[PDB]
Amino acid sequence: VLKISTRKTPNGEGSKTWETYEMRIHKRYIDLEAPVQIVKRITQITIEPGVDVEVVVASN
Amino acid sequence: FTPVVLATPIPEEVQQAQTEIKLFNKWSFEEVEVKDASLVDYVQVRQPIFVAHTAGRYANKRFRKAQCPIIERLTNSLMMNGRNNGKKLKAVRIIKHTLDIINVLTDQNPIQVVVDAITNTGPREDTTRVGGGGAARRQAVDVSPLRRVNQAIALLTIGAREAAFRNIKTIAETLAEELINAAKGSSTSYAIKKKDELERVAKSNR
Amino acid sequence: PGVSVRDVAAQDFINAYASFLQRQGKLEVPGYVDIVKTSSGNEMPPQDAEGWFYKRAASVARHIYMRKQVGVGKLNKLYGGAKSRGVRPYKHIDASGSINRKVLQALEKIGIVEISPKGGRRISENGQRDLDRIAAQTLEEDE
Amino acid sequence: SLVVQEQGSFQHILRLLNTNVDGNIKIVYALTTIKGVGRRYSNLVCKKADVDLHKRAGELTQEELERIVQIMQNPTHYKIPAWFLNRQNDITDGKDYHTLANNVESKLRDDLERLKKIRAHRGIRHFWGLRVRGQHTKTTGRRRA
Amino acid sequence: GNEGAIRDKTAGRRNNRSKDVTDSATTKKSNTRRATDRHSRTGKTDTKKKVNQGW
Amino acid sequence: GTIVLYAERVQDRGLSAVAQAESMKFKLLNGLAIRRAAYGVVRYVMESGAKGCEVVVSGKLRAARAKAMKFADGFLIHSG
Amino acid sequence: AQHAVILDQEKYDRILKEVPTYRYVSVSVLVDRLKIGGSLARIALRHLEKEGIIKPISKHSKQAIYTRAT
Amino acid sequence: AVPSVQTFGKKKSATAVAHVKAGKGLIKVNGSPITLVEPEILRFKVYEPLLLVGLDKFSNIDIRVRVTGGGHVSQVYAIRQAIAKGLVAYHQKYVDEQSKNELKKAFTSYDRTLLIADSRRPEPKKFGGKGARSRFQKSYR
Amino acid sequence: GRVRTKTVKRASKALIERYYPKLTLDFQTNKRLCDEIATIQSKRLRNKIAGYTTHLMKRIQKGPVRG
Amino acid sequence: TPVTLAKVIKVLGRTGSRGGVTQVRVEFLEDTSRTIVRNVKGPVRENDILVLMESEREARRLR
RNA sequence: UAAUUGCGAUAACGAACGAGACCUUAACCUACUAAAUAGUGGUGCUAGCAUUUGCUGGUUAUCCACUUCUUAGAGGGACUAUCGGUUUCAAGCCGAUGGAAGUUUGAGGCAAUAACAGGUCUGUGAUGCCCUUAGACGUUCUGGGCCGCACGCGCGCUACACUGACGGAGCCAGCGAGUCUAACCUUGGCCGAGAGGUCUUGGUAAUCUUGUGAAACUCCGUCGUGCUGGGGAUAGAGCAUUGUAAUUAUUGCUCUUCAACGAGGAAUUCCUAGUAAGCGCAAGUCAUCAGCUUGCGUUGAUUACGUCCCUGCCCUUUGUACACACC
């Protein structure tokens with residue numbers, strides 16, 4: 001939950017009304033043991049605008 | 001007491017006074033009646049507890065405040081004057097101390113004596129501000145039993161607090177004196193004084 | 001029956017162990033004791049004057065024994081307390097680090113603790129030994 | 001600790017460093033009423049002088065008292081960390097003193113009198129009888145002088 | 001300069017501490033113009049034609 | 001090459017707020033009657049099969065003392 | 001300074017010969033006899049407890065409690 | 001394996017998890033016995049469950065309870081609830097139903113939210129004051 | 001206060017009026033019925049409706065109610 | 001001292017411009033068979049016990 | 001009824017905006033899907049104490065198993081239910097029982113029509129008009145000032161101590177945030193009384209800081225009612241840190257100096273349950289600076305559950321020569 005707390009007013013006048021905006025970051029990860037082609041195929045397609053995909057190999 | 005024991009051990013008189021009589025800190029819970037008509041139903045005593053601490057809720061209904069164990073109704077009404085708003089361990093402890101002191105002097109169950117300090121200082125009738133146009137007068141009123149309890153505790157604990165201010169003795173000792181003198185009225189106690197005054201006025205204007 | 005230190009009530013164990021390192025003599029107590037203040041968040045120096053280093057040492061031994069590994073800073077944050085900023089509100093501030101560290105080394109020489117990997121000090125097997133021993137003792141005080 | 005007794009060897013009230021110290025008060029907290037020594041300095045010295053903090057002021061022996069006066073007006077010699085001292089770097093000779101009793105007054109005077117004599121803004125400020133450490137003056141201290 | 005500043009009297013706490021507190025130091029907001037708000041100073045006013053033209 | 005742009009027609013201009021705001025903006029900028037502009041806008045928006053619509057106009061028109069005007073037709077909800 | 005700060009011999013004998021009849025004894029009960037500051041009062045309790053009269057029926061700091069030997 | 005259930009008990013945010021197998025009758029919290037758990041003024045709060053149901057009954061089971069979150073009181077109440085819930089869980093699974101129901105009946109007939117997790121929770125502060133309802137302070141003029 | 005809104009009582013009315021050859025004095029089956037008969041965008045709304053048509057169902061069993 | 005004890009048998013209302021006094025009718029228990037409406041101060045419910053110290057004198061409207 | 005929320009009366013009948021619905025969060029789930037970035041049980045491997053089996057730890061993967069706790073996806077769950085008081089036996093309200101929860105479940109987000117010459121041209125490269133535009137009211141550079149002190153007023157912070165200060169010792173949270181064209185969060189090892197220095201390290205993060213070992217608070221001492229060791233103002237002297245720069249003293253440190261304040265006039269603010277108040281964090285701001293605020297958890301009371309007396313505001317009735325509407 002990325003919060004932001006702000007006076008609703010552009011100036012200083014008024015009863016002190018605060019407002020709280022928020023942006024929500026959801027993060028998933030899936031572990032797959034596989035060769036080369038099927039991964040490249042699965043990262044080429046299933047593409048979604050808004051959904052950010054990152055494909056690591058790694059073991060350390 | 002037909003002792004049981006297992007791995008991680010539990011002390012003797014501990015096992016004893018636990019499973020046997022479900023008494024207080026370590027004081028008799030039965031016997032002890034409210035030495036007055038009314039006040040019963042509004043002064044607890046049974047079902048019994050161990051220490052006057054509880055995850056209770058007596059504020060979510062009008063009268064359910066009256067079913068709380070009365071000793072805890074005493075301990076709660078300690079922890080204030082701001083610098084003690086909260087701090088129930090302080091309260092509970094000084095309450096144990098106090099009970100010990102009370103029970104030391106002139107014997108008796110300390111809890112019983114507490115009953116005798118509540119029952120007495122509760123004002124039987126008071127007065128209220130009644131208008132009648134500008135220059136108001138004072139109308140006497142037969143105050144409820146519950147408010148008699150509440151006012152009893154308020155008078156007792158507050159008086160004990162003002163009495164424990166700027167003087168060598170402790171809240172436990174002063175409270176002890178304010179329950180001892182208020183066991184049976186002595187007019188050398190804050191509460192009995194203030195109550196008697198409220199009745200003096202309640203009858204004077206009636 | 002056997003015993004760890006998890007079978008003795010802190011203040012019992014630590015008082016005991018304190019009187020023990022006292023009764024011993026092999027300690028390394030830098031020298032600046034009685035002139036030092038243990039924490040910037042503190043007013044006077046320790047009332048114990050003669051002692052307390054034993055008390056802190058025992059406290060450290062006990063505490064490090066409980067868990068895996070713990071450095072000097074954790075003991076600052078631990079022994080850090082409420083500083084009265086005079087007329088300004090209290091904030092929490094850490095205690096001394098030369099005191100703590102020199103206690104670590106003084107309980108590292110006398111063999112109760114050891115600079116383990118991952119950093120921080122690890123309770124010694126001889127420390128396990130002796131702590132459990134005086135545990136058995138202190139319990140046996142109330143036989 | 002213990003139940004003591006004593007005959008007539010303790011004297012309540014006693015005079016040293018040209019100032020009077022109450023006798024029926026713990027030694028540490030007693031020789032704090034000496035303008036120059038505070039609870040800390042006093043404690044450390046008492047510990048140094050080889051005296052029991054548990055003793056009252058009037059309880060002590062004469063030898064102890066004299067040694068106390070000594071240690072106090074001689075810090076760096078009997079080993080005291082200099083940063084334990086109120087007057088480090090004498091701004092003239094440079095040595096570290098601990099100005100005691102009737103002297104500390106005279107020393108306040110001194111430093112102030114230096115400031116004003118140099119005509120620095122702190123001098124001008126202490127001459128004006130004002131707040132001197134850069135505090136807001138609009139709202140605070142409406143009696144004072 | 002600084003020299004004047006320490007020399008020149010009529011300066012420092014006492015000299016102010018003996019003078020008198022002006023009466024405008026405990027007054028009021030002064031206001032000036034408020035109950036006038038709704039009434040226009042402009043004294044011009046619009047015109048029903050141009051209002052009927054614009055809207 | 002890291003960036004590629006595609007111009008694409010939007011389906012039903014008469015269901016996009018922004019498109020309509022722009023519309024009447026250029027109506028009044030072409031000097032059309034305020035009432036006729038807003039009414040024409042709401043009309044076109046409604047005829048595109050919208051549940052409801054509204055056009056508030058706040059400012060000064062030829063006068064000097066500013067005013068405001070609501071032009072709403074059909075069904076709209078405001079809460080939740 | 002207002003008295004009760006030391007140990008004037010017959011003050012100790014007062015103390016020795018006054019703890020009988022004391023249904024309750026403590027710091028705030030010791031002081032109340034026109035005598036003894038809290039230091040020498042705590043010391044008084046702890047020493048008198050070594051052998052005599054006062055029976056320990058309570059525990060810790062801030063609050064002292066005793067009775068009489070039977 | 002052996003007969004064993006695991007339970008919990010919560011107060012505010014304090015969660016108290018409780019392993020209860022079958023053994024020689026130990027009862028440990030975090031790593032130390034129930035004869036500690038200081039506060040200690042509130043010792044009998046967590047003592048309570050083994051006294052309500054008779055001090056035996058544990059001489060064929062083994063309990064350990066680890067506590068996280070909350071303050072001190074939170075954790076004490078958390079672990080007593082954990083232990084009570086634990087015992088009744090064990091009898092629900094391994095002994096019989098009349099006993100589980102008898103222990104529930106002996107608990108609830110006294111209680112302090114022993115099997116029932118109190119749902120009291122902190123309320124949000126709002127802008128305008130140093131509290132949840134408590135507004136700041138006005139002077140008008 | 002638990003004064004049921006207009007939409008609730010209106011719906012309940014219609015439902016008792018056209019499905020009395022079903023239902024009962026039991027909330028559960030009336031709720032489930034509601035799900036099998038009325039398209040409601042909310043669980044909460046549907047439970048309010050079902051509970052009220054349930055109470056009405058009970059109080060029709062001992063006499064008539066207007067509407 | 002002839003202290004009297006009477007049980008709340010009904011709850012009538014709230015006198016006083018403030019609304020703190022609770023108009024309530026009570027019935028004695030030592031010698032029943034007679035009733036008096038009285039005014040309290042605190043929080044009261046039916047079947048509570050008021051200590052009347054004025055055997056014969058009742059009240060009504062408060063201002 | 002919190003509600004133009006309903007019931008009912010009834011020349012009205014049946015609706016739509018707004019309230020409600022809805023959305024968000026805290027509550028329940030041994031039921032589904034799971035996980036070395038979460039955790040548990042067993043086994044290896046290993047230390048200590050007991051030794052009779054045991055009790056208490058270690059081992060970012062030694063394996064195997066699991067999903068109670070942790071996490072977040074889909075679901076379920078409450079509809080004031082069941083019974084019973086009370087009222088036009090209508091809406092409802094009261095009480096007992098059950099229940100995670102029965103005060104709109106607790107707290108928020110949104111929220112119609114209309115008004116004010118409320119505030120903002122010192123947020124905008126939003127803008128009409130006017131003024132200024134080269135000795136500038138443009139811009140930039142140096143230095144000073146917004147902090148200046150007889151005094152009036154408002155938000156506060158710390159206190160007058162013994163339900164206390166001190167010193168040991170016990171020791172527990174939840175909301176957060178953290179370094180690419182950079183120096184942010186920083187464990188750990190040494191050095192120093194301290195502040196801090198220094199040598200390395202993990203972490204772009206459920207993985208590292210961090211279990212954020214926070215504070216009230218608990219425990220054993222010391223002091224003993226005395227402007228006291230309560231209280232910490234004012235002030236002198238010395239060490240450090242941020243920064244191009246700290247004098248009018250950014251902040252932090254150590255010694256000394258030891259004020260007013262002995263519960264506070266008339267007046268006046270806020271508050272009904274994990275709420276009040278007490279307690280400390282994190283975040284904003286931020287090179288350095290919180291006695292501020294936004295949130296957060298910790299400890300946890302007293303007193304109502306009422307009314308129209310003070311006040312403030314709604315609603316009808318009534319008057320009106322007002323309608324630019326009592327300014």
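This text goes with the structure placed above it.
Residues numbered from 1 in each chain as written, not as in the entry; some residues may be left out. Chains lettered and ligands numbered in written order. Part of a larger assembly, values for the part shown. Heavy atoms only, no water.

A short note on the interface of chain B and chain H
Taken residue by residue, the interface counts 26 residues in chain B and 27 residues in chain H. Regarding the contact of chain B and chain H, the summed buried area is about 2400 Å², with carbon and sulfur atoms giving 68% of it. Looking only at chain B, the three residues that lose the most surface to chain H are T8(B), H53(B) and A55(B), adding up to 21% of its buried area. Inspection of the region where chain B meets chain H yields one salt bridge. Run the count over chain B and chain H and you get 10 residue pairs in polar contact. For the side of chain B that touches chain H, the secondary structure elements donating two or more residues are α1 (12-19) and α3 (88-104) of chain B. Examining the composition of the side of chain B that touches chain H, we find that four residues originate from one element, α1(B), more than from any other. Here the side of chain B that touches chain H is built from residues that sort into 15 nonpolar, seven polar and four charged. (Contact = heavy atoms within 4.5 Å. Buried area = accessible area lost by both parts, 1.4 Å probe. Salt bridge = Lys/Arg side-chain N within 4 Å of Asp/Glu carboxyl O. Polar contact = N/O pair within 3.5 Å; in protein donor to acceptor, adjacent residues only side chain to side chain. Helix = DSSP H or I, 4+ residues; strand = E, 2+ residues; numbered from the N terminus. Nonpolar A, V, L, I, M, F, W, Y, C, P; charged D, E, K, R; others polar.)

Digging into the protein's contact with RNA strand K
Residues in contact with RNA strand K amount to 244 residues; listed here are only the nearest, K74(C), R121(C), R125(D), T137(D) and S139(H). The sugar and phosphate moieties of RNA strand K supply 75% of its atoms located within 4 Å of the protein. Within the side chain of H39(E), one N or O atom sits 2.8 Å away from a base oxygen of RNA strand K. When residues of the surface near RNA strand K are assigned to their parent elements, the largest contribution, 10 residues, is made by helix α3 (residues 43-60) of chain I. (Near = heavy atom within 4 Å.)

Examining a negative patch on the surface
All names here are of chain C. The grouping of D12, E140, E141, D142 and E143 at the surface amounts to a negative patch. If you trace the backbone, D12 turns up in helix α1 (residues 11-24). By relative accessible area, which is 44% here, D12 ends up partly exposed. (Patch = residues over 30% accessible without salt bridge, like charges linked within 9 Å, V, L, I, M, F, W, Y side chains within 5 Å. Areas by Shrake-Rupley, 256 points an atom, 1.4 Å probe, with all protein chains shown as cover. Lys, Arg positive; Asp, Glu negative; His and termini not counted. Charge placed at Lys NZ, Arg CZ, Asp CG, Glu CD. Buried < 20%, exposed > 50% of the residue type's maximum accessible area, 1.4 Å probe, protein only.)

A closer look at the packing of helix α2 (residues 53-66) of chain C against helix α5 (residues 125-140) of chain C
Residue and element names in this part refer to chain C. Contact pair α2 / α5: the axes reach a minimum separation of 11 Å and the direction vectors enclose 115°. The angle between the axes of α2 and α5 places the two elements in the roughly perpendicular class. Where α2 crosses over α5, the two elements pack in a sense that is left-handed. Contacts from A61, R62 and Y65 of α2 reach α5 at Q128, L131 and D132. (Axes fitted to C-alpha atoms, helices over the stretch in contact; angles between N-to-C directions. Parallel < 35°, antiparallel > 145°, perpendicular 65-115°, else oblique. Left-handed = near helix turned anticlockwise from the far one by under 90°.)

A few points about the interface of chain B and chain J
Counting residues at the interface gives 24 residues for chain B and 22 residues for chain J. At the boundary of chain B with chain J, total buried surface from both sides reaches about 2200 Å², with 56% on carbon and sulfur atoms. In this structure, the connection of chain B to chain J is made through three salt bridges. Of the charged contacts, one joins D126(B) and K41(J) as a salt bridge, the two residues approaching to 2.5 Å between their closest N and O atoms. Breaking the side of chain B that touches chain J down by element, the ones donating at least two residues are β1 (126-130), β2 (137-141) and α5 (145-163) of chain B. In the side of chain B that touches chain J, the residues fall into eight nonpolar, seven polar and nine charged.

Observations concerning the sheet that holds strand β2 (residues 14-21) of chain H
All names here are of chain H. As summarised here, the arrangement of the five strands in space is β1-β2-β5-β3-β4, forming an open sheet in which the pairing is mixed. The outermost strands of the open sheet, each flanked by one partner alone, are β1 (4-11) and β4 (32-33). Relative to β4, strand β3 (residues 27-29) runs antiparallel, the two being bridged by two bridges. Along β4, the bridge assignment pairs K28 with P33. Packed on one face of the sheet, helix α3 (residues 72-93) meets β1, β2, β3 and β5 (62-68) and runs near 150° to β1. (Pairing = 2+ DSSP bridges.)

Considering the side chain of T38(C)
Residues and elements named next belong to chain C. Its place among the elements puts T38 in the loop between α1 and α2. Engagement of the side chain of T38 in a polar contact is seen with the side chain of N42, the distance being 2.9 Å. Aside from chain neighbours lying at most four places away, what touches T38 is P46, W52, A95, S96 and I99.

Here we look at the packing of aromatic side chains
Counting across every chain of the model gives 11 aromatic pairs over all chains. Taking 6.0 Å as the distance between ring centres and 35° as the angle between the ring planes, the aromatic pair formed by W52(C) and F53(C) counts as tilted. Where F44(H) meets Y47(H), the ring centres are 5.3 Å apart and the plane angle is 75°; that geometry is what we call edge-to-face. Taken together, the positions of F44(H) and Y47(H), both in helix α1 (residues 43-47) and three residues apart, correspond to about one turn of that helix. The residues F44(H) and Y47(H) share a single accessibility class, namely buried. Each member of the aromatic cluster is reached from another via a ring pair, and the members are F50(B), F44(H) and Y47(H). Its end group placed over the ring of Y77(H), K11(H) keeps NZ or CZ at 5.3 Å from the ring centre. A cation sits over an aromatic face here: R80(H) above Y77(H), 5.1 Å from the ring centre. (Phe/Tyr/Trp six-rings, centres within 6.5 Å; stacked < 30°, edge-to-face > 60°. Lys NZ or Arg CZ within 6 Å of the ring centre and 35° of its normal.)

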